[PDB]
Amino acid sequence: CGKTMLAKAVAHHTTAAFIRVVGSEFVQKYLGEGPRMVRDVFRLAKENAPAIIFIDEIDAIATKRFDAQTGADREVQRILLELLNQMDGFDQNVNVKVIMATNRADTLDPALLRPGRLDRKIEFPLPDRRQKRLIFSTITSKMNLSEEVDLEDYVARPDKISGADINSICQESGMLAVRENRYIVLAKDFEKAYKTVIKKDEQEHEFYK
Amino acid sequence: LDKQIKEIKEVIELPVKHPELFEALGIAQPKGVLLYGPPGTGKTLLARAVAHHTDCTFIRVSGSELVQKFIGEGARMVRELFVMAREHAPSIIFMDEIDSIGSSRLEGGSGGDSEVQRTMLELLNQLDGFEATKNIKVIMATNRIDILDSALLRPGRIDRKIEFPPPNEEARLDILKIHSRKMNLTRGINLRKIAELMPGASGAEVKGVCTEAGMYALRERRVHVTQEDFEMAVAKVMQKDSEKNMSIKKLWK
Amino acid sequence: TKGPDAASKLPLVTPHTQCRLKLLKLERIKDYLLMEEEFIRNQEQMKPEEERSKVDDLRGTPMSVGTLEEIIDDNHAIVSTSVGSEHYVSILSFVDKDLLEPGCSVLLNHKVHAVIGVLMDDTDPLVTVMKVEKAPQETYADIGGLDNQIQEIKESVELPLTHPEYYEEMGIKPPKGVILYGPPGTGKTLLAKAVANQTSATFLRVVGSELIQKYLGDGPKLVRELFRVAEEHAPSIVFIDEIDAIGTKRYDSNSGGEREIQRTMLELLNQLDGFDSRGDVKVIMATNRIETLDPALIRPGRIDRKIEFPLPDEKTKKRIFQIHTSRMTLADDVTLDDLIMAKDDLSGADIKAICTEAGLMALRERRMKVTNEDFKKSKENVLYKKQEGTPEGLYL
Amino acid sequence: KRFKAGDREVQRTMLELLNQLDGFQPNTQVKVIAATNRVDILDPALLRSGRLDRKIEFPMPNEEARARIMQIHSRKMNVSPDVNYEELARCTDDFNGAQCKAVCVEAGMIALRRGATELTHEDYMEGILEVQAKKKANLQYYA
Amino acid sequence: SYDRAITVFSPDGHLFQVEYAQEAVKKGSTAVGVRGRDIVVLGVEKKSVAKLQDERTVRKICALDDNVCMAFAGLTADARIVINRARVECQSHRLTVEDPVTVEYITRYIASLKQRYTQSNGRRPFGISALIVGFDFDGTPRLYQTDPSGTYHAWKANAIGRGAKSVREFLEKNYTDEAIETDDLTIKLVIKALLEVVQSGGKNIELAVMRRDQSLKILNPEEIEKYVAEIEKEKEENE
Amino acid sequence: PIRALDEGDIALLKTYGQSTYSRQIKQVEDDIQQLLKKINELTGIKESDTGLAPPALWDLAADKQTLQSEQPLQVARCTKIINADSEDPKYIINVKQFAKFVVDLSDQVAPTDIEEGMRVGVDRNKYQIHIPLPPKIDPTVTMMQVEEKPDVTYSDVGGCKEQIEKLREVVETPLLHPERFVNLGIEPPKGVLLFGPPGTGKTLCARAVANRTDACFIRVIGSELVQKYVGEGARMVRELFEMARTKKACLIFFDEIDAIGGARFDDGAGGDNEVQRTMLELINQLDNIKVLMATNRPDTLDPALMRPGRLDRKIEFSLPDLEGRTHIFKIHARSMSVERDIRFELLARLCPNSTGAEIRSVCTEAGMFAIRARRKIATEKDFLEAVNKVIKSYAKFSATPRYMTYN
Amino acid sequence: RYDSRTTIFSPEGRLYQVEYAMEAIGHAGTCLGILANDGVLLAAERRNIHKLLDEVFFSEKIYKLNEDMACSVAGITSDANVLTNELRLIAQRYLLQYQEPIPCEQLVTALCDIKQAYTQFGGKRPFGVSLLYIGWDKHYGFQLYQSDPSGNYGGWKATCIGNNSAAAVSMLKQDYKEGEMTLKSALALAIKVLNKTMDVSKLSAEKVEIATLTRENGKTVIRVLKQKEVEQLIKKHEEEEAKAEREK
Ligand SMILES: Nc1ncnc2c1ncn2[C@@H]1O[C@H](COP(=O)(O)OP(=O)(O)OP(=O)(O)O)[C@@H](O)[C@H]1O
Ligand SMILES: Nc1ncnc2c1ncn2[C@@H]1O[C@H](COP(=O)(O)OP(=O)(O)OP(=O)(O)O)[C@@H](O)[C@H]1O
Ligand SMILES: Nc1ncnc2c1ncn2[C@@H]1O[C@H](COP(=O)(O)OP(=O)(O)OP(=O)(O)O)[C@@H](O)[C@H]1O
Ligand SMILES: Nc1ncnc2c1ncn2[C@@H]1O[C@H](COP(=O)(O)OP(=O)(O)O)[C@@H](O)[C@H]1O
Ligand SMILES: [Mg+2]
Ligand SMILES: [Mg+2]
Ligand SMILES: [Mg+2]
Ligand SMILES: [Mg+2]
């Protein structure tokens, strides 16, 4: 729904020092390397201030804390605690903004959802009939579309397709037009591709419904 | 946190500034404080306030700074941490997020911490061990107090275990008044009413409410915040996640 | 055998009411210390050469330290330079060819490498710091109760040194190796600090975490050096506090860092009971968890007495209170029995914290004389970290 | 397998080895063989076309194979003519060839303990019981 | 790993699940019972009033039959069931055999009922050990002690619950023939036996006495208080 | 309302009620502390002599000549001889850590004295071989072998007669009577692995072997075989085995094999593989030499090391039976001052599933109890008390309230 | 760990599964019985007060067992349903067999006997529901009985279970009234405690349920108060609360 793409746009539009780390990158072995990596990330933001830290897929290492009974969960909880300490601790970092992207928003630790660490909890919902039109218009603005291709008949369908699904519908329609050696995407290709990205069920098992 | 500040000054400031009271009274000097409570209450803000007026070497050991990949290195770093604190005595070590290193000792084996355990035991001996320590005090702050072992929370290491409960109405009104001192409040904005609209607001959430009330004026290109700018900002910061399922919600009568 | 390098403790004064006789005893100690200072300073000042001078010119400055590896001839040897190389050095005349032994640290001339001295007492400074030089000021009279526990530790580390005839006339080998285990805050490290205050033997101390190192060979080598120093220094006591750090139960670890942990543990086991019998060196280990230690480490033969320190009893708690309230100024209405009778699991550290807190509440009310209410308050303000965890009213 | 650590020396040895296996083409008289008890920890780069290839498979001996193996390692010893090697194989399960020789060695040793020249079947049975450190006790509840 | 089943023997022949059943009684309130010449007195300590609950539904000493009574320990949940089963069994035995039950027979029944619960998987043992004391023997007083395992023993005097070791150890040194020579002295023996309470309050001691061919008589908190005062006056001799 | 202690309250608290001698006593105490500090400073540096010989055995005039004339020679090993024309061989020498060089002889030494692989001594300037050197003897491996025979004999090991005979039939009998093993054609096992619960007598049986050995017994420390520098453990074990081979009838005893015998796993990013490769080199050496190994956890050893090609025999030291427990009691009570009525058979039955070390502890603790009360003879009553506190106090719970089920 | 089965005894002798069932009542609803002569009441709370909940029962937390017995419920819904079905069945069995109403305690004893049986026999999860009982009999009159998922019960004068049980019982002890416990005072105390033990303030009438039992002409009328009388009760409590602020 554009969580990563908005951070990409911010990185393209920032005068600060963008520092992207993925949540899975902090899960390194050799205990004392993950929290140390968090310490290095925040320190690196500190000297090259102003700087922005984008931590994508934080649900990997920022799940709600619990009574860990092995070094496995103890280390990931330690990474979460190091994140909490470096984002808001005894050393207040100035001019160091943090963007953090998750797909769950409820497994997150309550200390990390504090309005002193993650102030703005922006929600990226599935595009509606209005946002889908804009997403189609922006993706297809570069694509070579036939005049008979009216985008409205696809944005008015009630299927809850995401922005990634919209981009899929566009790219695969262009791919299908390419396959037939045609340099213009026709409405037939759009309709054919529209059926292959919204039939996500496919397999199922017919008894869960 | 007026009571909490006064209770924490009886260990940090009083034993250091006037040790003669303790010697004359015939009691040992309190050594450690554990600031526990729900997140966003002031357990680390109090550490910064203490470090601002301390006139002592204030060491900060926050999170997993003593957890090193090499064995016997975290214990070495703790040893040199307490050596440096002694040559610079009186000194105060603040250990934020003590759950990172001070969790309950797990059974040794395949699945179980053993090195962070070892640096933890070195710290345990450093606070209260064979060699008595002088003019060294620790204010380690945590969120979960039940995950810490009995040895790290035993007295002689932690004399005072100060709790940071969520602020009450007369306290939340105070938080609303210290985080809005620089804010250009209008006339007729009853800060107590907004405090009354935040039952159990942690304490950092009050600052978040103030910040969002200011934000609601930033998007309108203003400098003054009205009562409606706060009331519509309380519902934003103080948002709640419901079960969103009556079937689960009626599991229990 | 250099002899027991016992800690230097000044004589105790035992008026504690701050009376004049306390000042008289302290002033007597001060006068003797001043006289000793006068003696040494006046010996240096009053005190106002051809044979050793030629030797010092021959050796020169600096003077490297190498490891002897081979005595080729009576005048020729092979030493290892402190980087790891080898050299076919010459042995000079002033070098005593008896102390020249393979493996010992030899002094080498800087310009023309040649053995010019033997460096005995080359102990790693990570181990020379392990020795206690200033004894703790906690005598056995500073512990309330634990008479059974004190007697067990006194028959293995003090009695075999004051009356060895009792052990030898009967046929025993005196217990060599005791483990101090129990709940946290019961008096184990206190007992260690108490024996260190009464023993006449060198008292090496270790938290069981100084003897663990990042390097591959340093870990077990340090415990070997520690036990070599303990044996070298005549009767000795090695206090390994918090032994749970190193001596945990062995297991097939898939981590190299943990496999060395067991490897230095297995050298602690060897240095306790191995092919070569130990010397006159007792070992005192302390841990909060005896169920986690390796069975071989706490095996009889290595550890002979398993001294248990349960949470203090009512009488023991009453004695601990008086021990910790001796220097207080108690009011006439302070009947301590109100706090002792409580069924709460009150450890000795808990008692000391109650005393300190009870004194602090007196300063809260501008008083240097603590009353009974101060104690009843300090009990509640200090009895945290344990809350109340028990089964509900199931059992009658 | 691969993992600046101190293993960066044997790594060069292994890579030089890999270079020489791929350097020489087949049809020449430089056929190589390699043996290992754990291919689980072996770098699969070693097990690639042009390198070793043709992984020969060595199983734990079956009953008939165990009997045969136990027969070979007793030819130099004065074994009695009446020893049922097949029954020995039945009583020896989950046994590698090294243990299938150790049983013969232990049977001879036990025969020496008994002060006998030829090895009876009971000596071989006691060797089977002793090769796995088990001690045979006549339990009373069987009868 | 030999303690998560009841029908699994430990390498040293231990039923560790059975042993853990004896931990429940050690957590229960102290109950003492001594057999006298004509008055068999049994007492319980640590009443532990919740200051908001009526004590009638708290009762721990219950009469299995008209001439036998029993005080238990451990958890009350199994105690009530064994109470009902023992009552039904003694009534049934009176039905099939005209002679009413004796103390030993009811003790044997309770022991067998517990044993059949400790014998099979899928059934948790009764976590109580009850003091069976009564005068139904028609002339000779007897008191018995059951165990959660299923073993029943006959004692001249016993002590169960939290404090069994201390009360039992102190009871041997002062249980002799001269002490039991008098009924009042016999009940006073219970008085000093339960006097070693956890807090030794003296007001949480409930003692019941049954005599030869008499009925059960739970001491009211005026006769119990009077006996406590009398014991204190006797104990005042130390001064 | 915890009112803060203002300065006026502080002064009154530090002054009102003070004993008149408190200030003077405290000043005297601080003076004592400072005086102790400075006096220990004035004499803390104690002389550490550097092993100088007595002045009688001094030759300073010739010592200076030795210093100026003789030169330090770097110890090297001649890895190869080139023999360019059999007259200028152009030897190649390894200087261990420095580098590898192609050098020639000095005119002093003869061409035929320097044979391939032997240790050579080179000068610091041109690295010419000046003097041959004897083969390397390791200063630590030389100390590894036990020069002093342990005093404990075979009669001091009780309850393990079958294990003792199984150990002897491999360690001593093949070394003293190598004829019974040749007549039947049996290859004598060249190694055993003494394993069992801790305290069963694994190491005691090794000291008993060393006492009656007739051989060269080496105690492998295990700690030394794991060095900081890479490859030094493998070199240590290699020269250990080489020295063992040079000696006739050598015995090697790797006590606590678990230190250098852990199960193999890939841990290249670290020093674990160093001791791993030392173990592999040891296995290579293993597969007249007999090898001993003892362990209390034989399940952690590598299966390759436990296969009967390196350890042909595996002797299990189980807990002694009753008859062996009485024998152990008698051995450990032969020197004790006991009364001559002791029922050691009775004492053995009160120590079920007990190791041979716990019986020694019981014997020691009986005399401990007989010392606590001033009795010079340890009667039977003390032995029962010693058992109740050594064995019963730490065997299990098995308390009386839960022990009324066994009768 | 020793909480795999309900029949497993811990090494300390604690039935871990039982105590897990016991502590789970904290997730149950708040129902309390106040001290009262010539009457007795229970005060329940409706967590699920969603507007889309049509109300058909008006007694979702209040159940009537006999003609003179009423009980609340606090636990799993299905367990409460089956337990109250067994309650009514046992009460009617006693009425049929003896031609006399169940005398309060023997009904509670019957439930506790059934409940403990699940804590002893394997394969059955312990009933994780605790429930108050009120009633009247010719033996002891008005009684208040506390069920507990362990099968343990107990007579009580004032107690509560569910969310904020400790606060409710402490507050009931703060103003604990013995003897002078008229029904009006009991209702006022119930509303007063429910004002604090429930997090939501102002005590909305639709979210609070009171059931009272009174002896009227030997009939033992069991009453559930409608919205109007609950509204006037909370109004009375509100007017009383206004006077309490005169101290400042
Ligand atoms: N009692 C309070 N008074 C004033 N400001 C407060 C208070 N509690 C929180 N805040 C504000 O909220 C912020 C939250 O940070 P704080 O250090 O208090 O968090 P914490 O949860 O207590 O600790 P940690 O960072 O260790 O998790 C503070 O920086 C401060 O600005
Ligand atoms: N019997 C006792 N008499 C007097 N003081 C006691 C006694 N037992 C404990 N204490 C007090 O307990 C305090 C805590 O230190 P102590 O050495 O007892 O800890 P410990 O039991 O070794 O702790 P840990 O288990 O954390 O290592 C001591 O300062 C001492 O004053
Ligand atoms: N069979 C035995 N007969 C007599 N004494 C024995 C016997 N077994 C053990 N002991 C005594 O117990 C002590 C235990 O030490 P020993 O070296 O034998 O232990 P170990 O079994 O090798 O232990 P670990 O497995 O911990 O290395 C011995 O020194 C000896 O005095
Ligand atoms: N508003 C949008 N306009 C165009 N493309 C979009 C939009 N939202 C999502 N996408 C497409 O969805 C894909 C997934 O990106 P994004 O949603 O940012 O990452 P994530 O799935 O992790 O949130 C992108 O390749 C992007 O092209
Ligand atoms: Mg993303
Ligand atoms: Mg913090
Ligand atoms: Mg300690
Ligand atoms: Mg050994």
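Rules used in this analysis
Residues numbered from 1 in each chain as written, not as in the entry; some residues may be left out. Chains lettered and ligands numbered in written order. Part of a larger assembly, values for the part shown. Heavy atoms only, no water. Residues with missing side-chain atoms left out of burial classes, pairs and counts. UniProt positions renumbered as here; feature names shortened; annotations may be inferred. Contact = heavy atoms within 4.5 Å. Helix = DSSP H or I, 4+ residues; strand = E, 2+ residues; numbered from the N terminus. Nonpolar A, V, L, I, M, F, W, Y, C, P; charged D, E, K, R; others polar. Donors = N, O, S within 2.8 Å, 3.2 Å for Na, K, Ca; no water. Buried < 20%, exposed > 50% of the residue type's maximum accessible area, 1.4 Å probe, protein only. Near = heavy atom within 4 Å. Polar contact = N/O pair within 3.5 Å; in protein donor to acceptor, adjacent residues only side chain to side chain. Pairing = 2+ DSSP bridges. Axes fitted to C-alpha atoms, helices over the stretch in contact; angles between N-to-C directions. Core = buried A, V, L, I, M, F, W, Y, C linked by side-chain atoms within 4.5 Å. Buried area = accessible area lost by both parts, 1.4 Å probe. Salt bridge = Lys/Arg side-chain N within 4 Å of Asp/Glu carboxyl O. Patch = residues over 30% accessible without salt bridge, like charges linked within 9 Å, V, L, I, M, F, W, Y side chains within 5 Å. Areas by Shrake-Rupley, 256 points an atom, 1.4 Å probe, with all protein chains shown as cover. Expected span 1.5 Å × (residues − 1). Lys, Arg positive; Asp, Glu negative; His and termini not counted. Charge placed at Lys NZ, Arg CZ, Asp CG, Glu CD. Parallel < 35°, antiparallel > 145°, perpendicular 65-115°, else oblique. Left-handed = near helix turned anticlockwise from the far one by under 90°.

- What the deposited record gives as its method is cryo-EM, and the resolution it gives is 3.04 Å.

- The name that the PDB entry assigns to chain G is Proteasome subunit alpha type-4, with the source organism given as Homo sapiens.

- The PDB entry annotates chain B as 26S protease regulatory subunit 8 originating from Homo sapiens.
- Checking UniProt for chain B, the heading Sequence similarities contains the comment "Belongs to the AAA ATPase family."

**Observations regarding the interface of chain E and chain G**
- In this complex, chain E contributes 31 residues to the contact, which on the side of chain G involves 35 residues.
- Of all the secondary-structure elements, those providing two or more residues to the side of chain E that touches chain G are helix 1 (16–27) and helix 2 (76–96) of chain E.
- Tallied by class, residues from the side of chain E that touches chain G come to twelve nonpolar, seven polar and twelve charged.

**Topic: the coordination of the magnesium ion (ligand 6)**
All names here are of chain B.
- Around the magnesium ion (ligand 6), the protein contributes the donor atoms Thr44 (OG1), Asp96 (OD) and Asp96 (OD), which lie 2.0 to 2.1 Å from the metal centre. Remark: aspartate 96 occurs in the loop between strand 3 (91–94) and helix 6 (99–102) and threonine 44 occurs in the loop between strand 1 (35–36) and helix 4 (45–52); sequence separation between them is 52 residues. Each member of the pair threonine 44 and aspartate 96 is classed as buried.

**Section: the site of ligand 4**
Residue and element names in this part refer to chain A.
- Around ligand 4 lies a shell formed by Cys1, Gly2, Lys3, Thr4, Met5, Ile135, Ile139, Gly163, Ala164 and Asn167.
- One nitrogen or oxygen atom from the main chain of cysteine 1 is found 3.0 Å from an oxygen atom belonging to ligand 4.
- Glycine 2 is positioned such that a nitrogen or oxygen atom in its backbone is 2.5 Å from an oxygen atom of ligand 4.
- Elements with a contribution of two residues or more to the shell around ligand 4: helix 1 (3–12), helix 4 (129–140) and helix 6 (163–179).
- Of the residues assigned to the shell around ligand 4, the class counts are five nonpolar, four polar and one charged.

**Concerning the sheet that holds strand 7 (residues 202–206) of chain C**
Residues and elements named next belong to chain C.
- Across the sheet, five strands lie side by side as 7-8-9-6-10; this open sheet has parallel pairing. In this open sheet, the two strands that pair with only one neighbour each are strand 7 and strand 10 (305–308). Adjacent strand axes in the sheet meet at a mean angle of 20°, parallel and antiparallel pairs treated alike.
- Where strand 7 and strand 8 (residues 236–240) come together, five bridges link them in parallel fashion.

**Quick word on the nonpolar core**
- C:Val238, F:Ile218, F:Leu240, F:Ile252, F:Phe254 and F:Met293 are the most contacted members of the largest nonpolar core, which totals 65 residues.
- Look past the residues within four positions of F:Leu240 in its chain and what remains in contact with it is F:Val141, F:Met144, F:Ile218, F:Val220, F:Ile252 and F:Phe254.
- Counting residues in each nonpolar core, the second largest holds 31 residues, with B:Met95, B:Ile98, B:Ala151 and B:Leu153 among its members.

**What about the interface of chain C and chain F?**
- Chain C puts 99 residues into the contact, and the matching count from chain F is 100 residues.
- Between chain C and chain F, the buried area comes to about 8900 Å², and carbon and sulfur atoms account for 62% of it.
- On the surface where chain C and chain F come into contact, there are twelve salt bridges.
- Our count for the chain C to chain F interface comes out at 30 residue pairs in polar contact.
- By residue class, the composition of the side of chain C that touches chain F is 43 nonpolar, 21 polar and 35 charged.

**Here we look at a nonpolar patch on the surface**
Residue and element names in this part refer to chain D.
- On the surface, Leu139, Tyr141 and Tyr142 cluster together into a nonpolar patch covering about 400 Å² of accessible area.
- By the secondary structure assignment, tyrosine 142 is in the segment after helix 5 (121–131).
- Residue classification places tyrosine 142 among the exposed positions, given a relative accessible area of 61%.

**Some thoughts on helix 3 (residues 103–118) of chain E**
All names here are of chain E.
- In this model, helix 3 (16 residues) spans 23 Å end to end at C-alpha, consistent with the 22 Å of a helix rising 1.5 Å per residue.
- Within the sequence span of helix 3, burial applies to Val103, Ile106, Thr107, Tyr109, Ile110, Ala111, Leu113, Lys114, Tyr117 and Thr118.
- Check the buried side of helix 3 and you find it contacts helix 1, strand 4 (68–71), helix 2, strand 5 (131–134) and strand 6 (142–145).

**Some thoughts on a negative patch on the surface**
- A cluster of like negative charges, contributed by E:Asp66, E:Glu98, E:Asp99, E:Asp138 and E:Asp213, occupies part of the molecular surface.
- With respect to the helices, strands and loops of the structure, E:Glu98 is situated in the loop between helix 2 and helix 3.

**Description of the site of ligand 2**
- Taken together, 21 residues are adjacent to ligand 2, and B:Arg157, C:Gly144, C:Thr189, C:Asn288 and C:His324 come closest.
- More than one chain lines the surroundings of ligand 2; the residues nearby belong to chains B and C.
- The backbone of C:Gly185 places a nitrogen or oxygen atom 3.1 Å from an oxygen atom of ligand 2.
- One of the backbone N or O atoms of C:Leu190 is found 2.9 Å from an oxygen atom in ligand 2.
- Protein burial of ligand 2: of its 630 Å² of free accessible surface, 96% is covered by the chains.
- Elements with a contribution of two residues or more to the shell around ligand 2: helix 7 (188–196), helix 10 (314–324) and helix 12 (348–364) of chain C.
- In the shell around ligand 2, the residues fall into six nonpolar, eight polar and seven charged.

**Some details on the arrangement of the chains**
- For this structure, the chain pair with the highest number of contacts among eleven pairs of chains in contact is chains C and F.
- The smallest C-alpha distance separating chain C from chain D is 12 Å, and no contact links them.
- In this structure chain A stays clear of chain E, and the shortest span between their C-alpha atoms is 19 Å.

**Some remarks on the packing of helix 4 (residues 165–174) of chain G against helix 5 (residues 183–197) of chain G**
Residues and elements named next belong to chain G.
- Remark: helix 4 packs on helix 5, axes separated minimally by 10 Å, with the N-to-C direction vectors making an angle of 140°. Considered as vectors, helix 4 and helix 5 are oriented oblique to each other. Helix-helix and strand crossings are classified by hand; for helix 4 and helix 5 the assignment is right-handed. Residue-level inspection shows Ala168, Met171 and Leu172 of helix 4 in contact with helix 5, the latter providing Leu189, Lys192, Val193, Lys196 and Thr197.
- A class-by-class count of the residues in the contact of helix 4 with helix 5 yields five nonpolar, one polar and two charged.

**Looking at the environment of F:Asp255**
Residue and element names in this part refer to chain F.
- Inspection of the secondary structure assignment puts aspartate 255 in strand 8 (residues 250–255).
- Each C-alpha atom, one on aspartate 255 and one on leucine 57, is 44 Å from the other, the two residues being 198 residues apart in sequence.
- Among all residues touching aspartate 255, those that are not within four sequence positions of it are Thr203, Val220, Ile221 and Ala294.
- Polar side-chain contacts of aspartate 255 include one of 3.1 Å to the side chain of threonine 203.

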